[PDB]
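Okay, start.cif is below, mmCIF, C-alpha atoms:
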```
data_query
loop_
_atom_site.group_PDB
_atom_site.id
_atom_site.type_symbol
_atom_site.label_atom_id
_atom_site.label_comp_id
_atom_site.auth_asym_id
_atom_site.auth_seq_id
_atom_site.Cartn_x
_atom_site.Cartn_y
_atom_site.Cartn_z
ATOM 1 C CA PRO A 2314 9.290 -3.527 -13.156
ATOM 2 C CA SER A 2315 5.884 -3.069 -11.644
ATOM 3 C CA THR A 2316 5.399 -0.543 -8.897
ATOM 4 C CA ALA A 2317 6.138 -1.842 -5.393
ATOM 5 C CA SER A 2318 3.522 0.504 -4.026
ATOM 6 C CA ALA A 2319 4.778 2.654 -1.172
ATOM 7 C CA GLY A 2320 3.107 3.231 2.176
ATOM 8 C CA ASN A 2321 3.893 4.993 5.470
ATOM 9 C CA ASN A 2322 3.043 4.742 9.191
ATOM 10 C CA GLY A 2323 -0.222 6.658 9.052
ATOM 11 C CA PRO A 2324 -0.970 10.095 10.459
ATOM 12 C CA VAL A 2325 2.055 11.554 12.181
ATOM 13 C CA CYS A 2326 1.646 13.672 15.267
ATOM 14 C CA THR A 2327 2.883 17.122 14.327
ATOM 15 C CA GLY A 2328 6.543 17.294 15.328
ATOM 16 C CA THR A 2329 7.377 13.561 15.375
ATOM 17 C CA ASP A 2330 8.890 10.975 13.051
ATOM 18 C CA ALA A 2331 7.499 8.899 10.211
ATOM 19 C CA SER A 2332 8.426 5.800 8.284
ATOM 20 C CA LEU A 2333 8.140 5.151 4.586
ATOM 21 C CA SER A 2334 7.686 1.670 3.224
ATOM 22 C CA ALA A 2335 8.279 0.171 -0.215
ATOM 23 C CA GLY A 2336 6.811 -3.189 -1.112
ATOM 24 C CA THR A 2337 9.161 -6.227 -1.494
ATOM 25 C CA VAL A 2338 10.513 -7.192 -4.964
ATOM 26 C CA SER A 2339 13.071 -9.992 -4.823
ATOM 27 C CA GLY A 2340 15.458 -8.451 -7.344
ATOM 28 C CA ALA A 2341 14.973 -4.792 -6.570
ATOM 29 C CA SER A 2342 17.128 -1.938 -5.520
ATOM 30 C CA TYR A 2343 15.181 0.898 -3.995
ATOM 31 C CA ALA A 2344 15.616 4.635 -4.175
ATOM 32 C CA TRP A 2345 13.631 7.401 -2.599
ATOM 33 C CA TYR A 2346 13.563 10.996 -3.780
ATOM 34 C CA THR A 2347 12.277 14.206 -2.223
ATOM 35 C CA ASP A 2348 11.167 15.719 -5.538
ATOM 36 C CA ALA A 2349 8.866 14.624 -8.382
ATOM 37 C CA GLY A 2350 11.652 15.236 -10.819
ATOM 38 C CA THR A 2351 13.519 12.352 -9.280
ATOM 39 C CA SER A 2352 16.630 14.484 -8.841
ATOM 40 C CA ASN A 2353 17.321 14.594 -5.041
ATOM 41 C CA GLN A 2354 17.720 10.990 -3.746
ATOM 42 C CA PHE A 2355 17.749 10.904 0.091
ATOM 43 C CA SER A 2356 17.467 7.128 0.721
ATOM 44 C CA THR A 2357 18.378 3.687 -0.710
ATOM 45 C CA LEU A 2358 16.486 1.719 1.926
ATOM 46 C CA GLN A 2359 13.314 -0.272 1.404
ATOM 47 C CA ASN A 2360 11.934 1.159 4.614
ATOM 48 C CA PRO A 2361 13.478 4.647 4.973
ATOM 49 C CA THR A 2362 12.500 6.604 8.104
ATOM 50 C CA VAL A 2363 11.768 10.369 7.631
ATOM 51 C CA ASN A 2364 12.177 12.910 10.551
ATOM 52 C CA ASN A 2365 10.521 15.968 12.262
ATOM 53 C CA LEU A 2366 7.381 16.281 10.152
ATOM 54 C CA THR A 2367 5.513 19.487 10.873
ATOM 55 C CA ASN A 2368 3.093 19.476 7.936
ATOM 56 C CA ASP A 2369 2.000 17.195 5.116
ATOM 57 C CA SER A 2370 4.813 16.060 2.856
ATOM 58 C CA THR A 2371 5.496 13.716 -0.022
ATOM 59 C CA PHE A 2372 8.258 11.318 -0.936
ATOM 60 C CA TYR A 2373 8.767 9.399 -4.130
ATOM 61 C CA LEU A 2374 10.362 6.037 -5.062
ATOM 62 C CA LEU A 2375 11.617 4.146 -8.104
ATOM 63 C CA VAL A 2376 12.088 0.363 -7.636
ATOM 64 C CA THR A 2377 14.910 -0.644 -10.045
ATOM 65 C CA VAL A 2378 15.374 -4.238 -11.269
ATOM 66 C CA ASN A 2379 18.127 -5.299 -13.694
ATOM 67 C CA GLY A 2380 18.989 -1.582 -14.054
ATOM 68 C CA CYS A 2381 15.407 -0.593 -15.228
ATOM 69 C CA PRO A 2382 13.323 1.765 -13.052
ATOM 70 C CA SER A 2383 9.603 1.446 -12.374
ATOM 71 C CA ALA A 2384 7.183 4.272 -12.812
ATOM 72 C CA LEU A 2385 7.458 6.954 -10.137
ATOM 73 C CA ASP A 2386 5.458 6.074 -7.032
ATOM 74 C CA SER A 2387 4.506 8.960 -4.754
ATOM 75 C CA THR A 2388 3.575 8.577 -1.074
ATOM 76 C CA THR A 2389 2.227 11.125 1.471
ATOM 77 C CA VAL A 2390 2.550 11.355 5.248
ATOM 78 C CA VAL A 2391 -0.514 13.158 6.634
ATOM 79 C CA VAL A 2392 0.478 15.078 9.807
ATOM 80 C CA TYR A 2393 -2.403 15.308 12.354
ATOM 81 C CA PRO A 2394 -3.892 18.677 13.363
ATOM 82 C CA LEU A 2395 -2.699 20.657 16.397
ATOM 83 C CA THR A 2396 -4.164 19.849 19.850
ATOM 84 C CA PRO A 2397 -5.245 23.211 21.338
ATOM 85 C CA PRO B 2314 -2.077 -20.282 -11.730
ATOM 86 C CA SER B 2315 -4.514 -21.495 -9.142
ATOM 87 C CA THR B 2316 -6.291 -19.003 -6.954
ATOM 88 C CA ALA B 2317 -4.374 -17.982 -3.825
ATOM 89 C CA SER B 2318 -7.656 -17.503 -2.032
ATOM 90 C CA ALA B 2319 -7.965 -14.128 -0.344
ATOM 91 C CA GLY B 2320 -9.059 -13.430 3.213
ATOM 92 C CA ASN B 2321 -9.348 -10.428 5.553
ATOM 93 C CA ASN B 2322 -9.235 -9.616 9.289
ATOM 94 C CA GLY B 2323 -12.853 -10.442 10.054
ATOM 95 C CA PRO B 2324 -15.650 -8.053 10.958
ATOM 96 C CA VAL B 2325 -14.415 -4.487 11.075
ATOM 97 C CA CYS B 2326 -15.801 -2.080 13.618
ATOM 98 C CA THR B 2327 -17.579 0.609 11.640
ATOM 99 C CA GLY B 2328 -15.083 3.422 11.106
ATOM 100 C CA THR B 2329 -11.817 1.478 11.538
ATOM 101 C CA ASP B 2330 -9.240 -0.239 9.348
ATOM 102 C CA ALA B 2331 -9.074 -3.645 7.711
ATOM 103 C CA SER B 2332 -6.471 -5.909 6.202
ATOM 104 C CA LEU B 2333 -6.701 -8.022 3.095
ATOM 105 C CA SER B 2334 -4.683 -11.175 2.701
ATOM 106 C CA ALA B 2335 -3.668 -13.199 -0.351
ATOM 107 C CA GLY B 2336 -2.360 -16.719 0.041
ATOM 108 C CA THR B 2337 1.375 -17.424 -0.628
ATOM 109 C CA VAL B 2338 2.515 -18.629 -4.100
ATOM 110 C CA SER B 2339 6.291 -18.833 -4.421
ATOM 111 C CA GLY B 2340 6.454 -17.336 -7.909
ATOM 112 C CA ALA B 2341 3.590 -14.890 -7.719
ATOM 113 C CA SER B 2342 3.137 -11.214 -8.140
ATOM 114 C CA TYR B 2343 -0.023 -9.928 -6.553
ATOM 115 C CA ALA B 2344 -2.450 -7.240 -7.594
ATOM 116 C CA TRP B 2345 -5.578 -6.003 -5.934
ATOM 117 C CA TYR B 2346 -8.382 -4.134 -7.658
ATOM 118 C CA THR B 2347 -11.359 -2.169 -6.368
ATOM 119 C CA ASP B 2348 -13.656 -3.204 -9.224
ATOM 120 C CA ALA B 2349 -14.815 -6.528 -10.704
ATOM 121 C CA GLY B 2350 -13.699 -5.366 -14.090
ATOM 122 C CA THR B 2351 -10.140 -5.491 -12.868
ATOM 123 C CA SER B 2352 -9.509 -1.946 -14.072
ATOM 124 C CA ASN B 2353 -8.601 0.102 -10.925
ATOM 125 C CA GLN B 2354 -5.551 -1.520 -9.222
ATOM 126 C CA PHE B 2355 -4.946 0.000 -5.750
ATOM 127 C CA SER B 2356 -2.325 -2.435 -4.355
ATOM 128 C CA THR B 2357 0.581 -4.735 -5.343
ATOM 129 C CA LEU B 2358 1.077 -6.160 -1.861
ATOM 130 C CA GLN B 2359 0.290 -9.683 -0.736
ATOM 131 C CA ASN B 2360 -1.241 -8.292 2.422
ATOM 132 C CA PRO B 2361 -2.662 -4.857 1.490
ATOM 133 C CA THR B 2362 -4.311 -2.896 4.323
ATOM 134 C CA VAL B 2363 -7.589 -1.041 3.461
ATOM 135 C CA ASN B 2364 -8.747 2.093 5.459
ATOM 136 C CA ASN B 2365 -11.844 3.786 7.061
ATOM 137 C CA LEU B 2366 -14.489 1.170 6.299
ATOM 138 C CA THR B 2367 -17.972 2.427 7.059
ATOM 139 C CA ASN B 2368 -20.008 -0.288 5.337
ATOM 140 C CA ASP B 2369 -19.487 -3.635 3.641
ATOM 141 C CA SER B 2370 -17.068 -3.548 0.734
ATOM 142 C CA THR B 2371 -15.304 -5.848 -1.683
ATOM 143 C CA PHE B 2372 -11.826 -6.086 -3.113
ATOM 144 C CA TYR B 2373 -10.530 -8.342 -5.830
ATOM 145 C CA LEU B 2374 -7.148 -9.958 -6.645
ATOM 146 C CA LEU B 2375 -5.348 -11.667 -9.516
ATOM 147 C CA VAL B 2376 -2.234 -13.700 -8.555
ATOM 148 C CA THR B 2377 0.079 -13.580 -11.623
ATOM 149 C CA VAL B 2378 2.822 -16.179 -12.224
ATOM 150 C CA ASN B 2379 5.125 -16.145 -15.271
ATOM 151 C CA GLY B 2380 2.978 -13.279 -16.633
ATOM 152 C CA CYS B 2381 -0.328 -15.340 -16.507
ATOM 153 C CA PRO B 2382 -3.145 -14.192 -14.190
ATOM 154 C CA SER B 2383 -5.349 -16.458 -12.089
ATOM 155 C CA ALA B 2384 -9.090 -16.270 -12.092
ATOM 156 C CA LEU B 2385 -10.474 -13.227 -10.291
ATOM 157 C CA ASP B 2386 -10.772 -13.805 -6.550
ATOM 158 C CA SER B 2387 -13.190 -11.555 -4.674
ATOM 159 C CA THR B 2388 -13.045 -10.899 -0.919
ATOM 160 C CA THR B 2389 -15.450 -9.014 1.413
ATOM 161 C CA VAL B 2390 -14.881 -7.124 4.659
ATOM 162 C CA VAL B 2391 -18.072 -7.280 6.746
ATOM 163 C CA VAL B 2392 -18.352 -4.092 8.865
ATOM 164 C CA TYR B 2393 -20.125 -4.710 12.230
ATOM 165 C CA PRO B 2394 -23.430 -2.990 13.073
ATOM 166 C CA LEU B 2395 -23.635 0.307 14.981
ATOM 167 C CA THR B 2396 -23.575 0.253 18.816
ATOM 168 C CA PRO B 2397 -26.533 2.418 19.937
#
```
Entire entry expressed as structure tokens:
Amino acid sequence: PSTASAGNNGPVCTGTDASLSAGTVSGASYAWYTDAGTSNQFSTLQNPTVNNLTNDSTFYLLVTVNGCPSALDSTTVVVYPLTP
Amino acid sequence: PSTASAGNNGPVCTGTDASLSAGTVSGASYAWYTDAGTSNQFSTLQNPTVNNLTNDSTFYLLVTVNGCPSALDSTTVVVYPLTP
């Protein structure tokens, strides 16, 4: 499968929540991982919502169709600076 | 496949975001490129959203059905002038 390129909800105010978003493939199962090694799956949703982001972080994904995974697709959720 | 002619969200205030929009083909996969040579794919979405446009720019597309690409379809996102 091709990569159903992942997005997010833009800059996240430090301390609040974020959403991740996979693109839509009609036959796909989705899986999100917290690590590039694709070993710690935290979500099977197409649009998983992350929580309490205090700094920049990355999530990964691997759209699977007919049992075959896509290439790893990383996404980042830029947290905004701190208002003094 | 025929060209699923691409659009956008109209003139973009200098410094803000824009959307791109492919037309809907029931069997199509979509791919957007940043270069006429169709070598630097940046999006697999039907409605990819671009970011921080400061001047006029172009994006391309190539609706693929049954593995066969359409002709290249360019689109432009006119950024509005600067308010003095």
Please identify all residues of chain A having at least one atom at most 8 Å from any atom of chain B, considering only C-alpha atoms, and return them as an mmCIF file with C-alpha atoms, in the frame of the given file.
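Result file part_23.cif:
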```cif
data_model
loop_
_atom_site.group_PDB
_atom_site.id
_atom_site.type_symbol
_atom_site.label_atom_id
_atom_site.label_comp_id
_atom_site.auth_asym_id
_atom_site.auth_seq_id
_atom_site.Cartn_x
_atom_site.Cartn_y
_atom_site.Cartn_z
ATOM 1 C CA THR A 2316 5.399 -0.543 -8.897
ATOM 2 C CA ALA A 2317 6.138 -1.842 -5.393
ATOM 3 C CA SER A 2318 3.522 0.504 -4.026
ATOM 4 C CA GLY A 2336 6.811 -3.189 -1.112
#
```
Identify, on the basis of all atoms listed in the file, every residue whose closest approach to residue 2334 in chain B does not exceed 6 Å; exclude the query and any residue fewer than 5 positions from it along the same chain; express the result as a VMD selection string. chain B and resid 2319 to 2321 2360
Please superimpose chain B upon chain A, fitting all C-alpha atoms matched one to one in order, and report the result as a compact mmCIF listing (two decimals) with C-alpha atoms, in the frame of the given file.
```txt
# COMPACT_ATOMS: atom_id res chain seq x y z
CA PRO B 2314 9.29 -3.53 -13.16
CA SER B 2315 5.88 -3.07 -11.64
CA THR B 2316 5.40 -0.54 -8.90
CA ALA B 2317 6.14 -1.84 -5.39
CA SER B 2318 3.52 0.50 -4.03
CA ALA B 2319 4.78 2.65 -1.17
CA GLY B 2320 3.11 3.23 2.18
CA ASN B 2321 3.89 4.99 5.47
CA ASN B 2322 3.04 4.74 9.19
CA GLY B 2323 -0.22 6.66 9.05
CA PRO B 2324 -0.97 10.09 10.46
CA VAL B 2325 2.06 11.55 12.18
CA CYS B 2326 1.65 13.67 15.27
CA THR B 2327 2.88 17.12 14.33
CA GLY B 2328 6.54 17.29 15.33
CA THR B 2329 7.38 13.56 15.38
CA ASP B 2330 8.89 10.97 13.05
CA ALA B 2331 7.50 8.90 10.21
CA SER B 2332 8.43 5.80 8.28
CA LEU B 2333 8.14 5.15 4.59
CA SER B 2334 7.69 1.67 3.23
CA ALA B 2335 8.28 0.17 -0.22
CA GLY B 2336 6.81 -3.19 -1.11
CA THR B 2337 9.16 -6.23 -1.49
CA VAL B 2338 10.51 -7.19 -4.96
CA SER B 2339 13.07 -9.99 -4.82
CA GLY B 2340 15.46 -8.45 -7.34
CA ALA B 2341 14.97 -4.79 -6.57
CA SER B 2342 17.13 -1.94 -5.52
CA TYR B 2343 15.18 0.90 -3.99
CA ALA B 2344 15.62 4.64 -4.17
CA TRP B 2345 13.63 7.40 -2.60
CA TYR B 2346 13.56 11.00 -3.78
CA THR B 2347 12.28 14.21 -2.22
CA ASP B 2348 11.17 15.72 -5.54
CA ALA B 2349 8.87 14.62 -8.38
CA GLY B 2350 11.65 15.24 -10.82
CA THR B 2351 13.52 12.35 -9.28
CA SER B 2352 16.63 14.48 -8.84
CA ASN B 2353 17.32 14.59 -5.04
CA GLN B 2354 17.72 10.99 -3.75
CA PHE B 2355 17.75 10.90 0.09
CA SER B 2356 17.47 7.13 0.72
CA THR B 2357 18.38 3.69 -0.71
CA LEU B 2358 16.49 1.72 1.93
CA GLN B 2359 13.31 -0.27 1.40
CA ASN B 2360 11.93 1.16 4.61
CA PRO B 2361 13.48 4.65 4.97
CA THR B 2362 12.50 6.60 8.10
CA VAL B 2363 11.77 10.37 7.63
CA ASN B 2364 12.18 12.91 10.55
CA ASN B 2365 10.52 15.97 12.26
CA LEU B 2366 7.38 16.28 10.15
CA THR B 2367 5.51 19.49 10.87
CA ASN B 2368 3.09 19.48 7.94
CA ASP B 2369 2.00 17.20 5.12
CA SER B 2370 4.81 16.06 2.86
CA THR B 2371 5.50 13.72 -0.02
CA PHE B 2372 8.26 11.32 -0.94
CA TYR B 2373 8.77 9.40 -4.13
CA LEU B 2374 10.36 6.04 -5.06
CA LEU B 2375 11.62 4.15 -8.10
CA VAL B 2376 12.09 0.36 -7.64
CA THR B 2377 14.91 -0.64 -10.04
CA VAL B 2378 15.37 -4.24 -11.27
CA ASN B 2379 18.13 -5.30 -13.69
CA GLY B 2380 18.99 -1.58 -14.05
CA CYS B 2381 15.41 -0.59 -15.23
CA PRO B 2382 13.32 1.76 -13.05
CA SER B 2383 9.60 1.45 -12.37
CA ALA B 2384 7.18 4.27 -12.81
CA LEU B 2385 7.46 6.95 -10.14
CA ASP B 2386 5.46 6.07 -7.03
CA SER B 2387 4.51 8.96 -4.75
CA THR B 2388 3.57 8.58 -1.07
CA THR B 2389 2.23 11.13 1.47
CA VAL B 2390 2.55 11.36 5.25
CA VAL B 2391 -0.51 13.16 6.64
CA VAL B 2392 0.48 15.08 9.81
CA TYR B 2393 -2.40 15.31 12.35
CA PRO B 2394 -3.89 18.68 13.36
CA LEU B 2395 -2.70 20.66 16.40
CA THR B 2396 -4.16 19.85 19.85
CA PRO B 2397 -5.25 23.21 21.34
```
Hits from the PyMOL selection byres ((chain B and resi 2368-2372) around 9), listed as an mmCIF file with C-alpha atoms, in the coordinates of the input:
```cif
data_model
loop_
_atom_site.group_PDB
_atom_site.id
_atom_site.type_symbol
_atom_site.label_atom_id
_atom_site.label_comp_id
_atom_site.auth_asym_id
_atom_site.auth_seq_id
_atom_site.Cartn_x
_atom_site.Cartn_y
_atom_site.Cartn_z
ATOM 1 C CA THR B 2327 -17.579 0.609 11.640
ATOM 2 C CA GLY B 2328 -15.083 3.422 11.106
ATOM 3 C CA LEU B 2333 -6.701 -8.022 3.095
ATOM 4 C CA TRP B 2345 -5.578 -6.003 -5.934
ATOM 5 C CA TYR B 2346 -8.382 -4.134 -7.658
ATOM 6 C CA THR B 2347 -11.359 -2.169 -6.368
ATOM 7 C CA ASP B 2348 -13.656 -3.204 -9.224
ATOM 8 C CA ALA B 2349 -14.815 -6.528 -10.704
ATOM 9 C CA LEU B 2366 -14.489 1.170 6.299
ATOM 10 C CA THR B 2367 -17.972 2.427 7.059
ATOM 11 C CA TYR B 2373 -10.530 -8.342 -5.830
ATOM 12 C CA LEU B 2374 -7.148 -9.958 -6.645
ATOM 13 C CA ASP B 2386 -10.772 -13.805 -6.550
ATOM 14 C CA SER B 2387 -13.190 -11.555 -4.674
ATOM 15 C CA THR B 2388 -13.045 -10.899 -0.919
ATOM 16 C CA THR B 2389 -15.450 -9.014 1.413
ATOM 17 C CA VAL B 2390 -14.881 -7.124 4.659
ATOM 18 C CA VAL B 2391 -18.072 -7.280 6.746
ATOM 19 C CA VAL B 2392 -18.352 -4.092 8.865
ATOM 20 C CA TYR B 2393 -20.125 -4.710 12.230
ATOM 21 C CA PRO B 2394 -23.430 -2.990 13.073
#
```
For CA of residue 2365 in chain A and CA of residue 2329 in chain A, determine how far apart the two atoms are, in Å to one decimal place.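 Between CA of residue 2365 in chain A and CA of residue 2329 in chain A the gap is 5.0 Å.
In this model, the gap between CA of residue 2378 in chain B and CA of residue 2314 in chain A comes to 14.2 Å.
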Exactly which residues make up the result of the PyMOL selection byres ((chain A and resi 2382) around 10) on this file, given as a ChimeraX atom specification? /A:2314-2316,2341-2344,2374-2381,2383-2385
Restricting the output to C-alpha atoms, write the selected residues as a PDB file, in the frame of the given file.
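Here's the written file out_19.pdb:
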```pdb
ATOM      1  CA  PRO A2314       9.290  -3.527 -13.156  1.00  0.00           C
ATOM      2  CA  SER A2315       5.884  -3.069 -11.644  1.00  0.00           C
ATOM      3  CA  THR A2316       5.399  -0.543  -8.897  1.00  0.00           C
ATOM      4  CA  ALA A2341      14.973  -4.792  -6.570  1.00  0.00           C
ATOM      5  CA  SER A2342      17.128  -1.938  -5.520  1.00  0.00           C
ATOM      6  CA  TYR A2343      15.181   0.898  -3.995  1.00  0.00           C
ATOM      7  CA  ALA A2344      15.616   4.635  -4.175  1.00  0.00           C
ATOM      8  CA  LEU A2374      10.362   6.037  -5.062  1.00  0.00           C
ATOM      9  CA  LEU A2375      11.617   4.146  -8.104  1.00  0.00           C
ATOM     10  CA  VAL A2376      12.088   0.363  -7.636  1.00  0.00           C
ATOM     11  CA  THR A2377      14.910  -0.644 -10.045  1.00  0.00           C
ATOM     12  CA  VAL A2378      15.374  -4.238 -11.269  1.00  0.00           C
ATOM     13  CA  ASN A2379      18.127  -5.299 -13.694  1.00  0.00           C
ATOM     14  CA  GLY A2380      18.989  -1.582 -14.054  1.00  0.00           C
ATOM     15  CA  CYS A2381      15.407  -0.593 -15.228  1.00  0.00           C
ATOM     16  CA  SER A2383       9.603   1.446 -12.374  1.00  0.00           C
ATOM     17  CA  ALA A2384       7.183   4.272 -12.812  1.00  0.00           C
ATOM     18  CA  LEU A2385       7.458   6.954 -10.137  1.00  0.00           C
TER      19      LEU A2385
END
```
Return as lines of an AutoDock Vina configuration file the centre and edge lengths, in Å with one decimal, of the box along x, y and z that encloses every atom of range 2374-2389 of chain B in the file, padded by 5 Å per side.
```
center_x = -5.2
center_y = -12.7
center_z = -7.6
size_x = 30.6
size_y = 17.4
size_z = 28.0
```
Picked residues, the PyMOL selection byres ((chain B and resi 2331) around 6), expected as an NGL selection string: :B and (2330 or 2332 or 2362-2363)
One decimal, Å: what's the distance from CA of residue 2323 in chain A over to CA of residue 2395 in chain A, could you say?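 CA of residue 2395 in chain A lies 16.0 Å from CA of residue 2323 in chain A.
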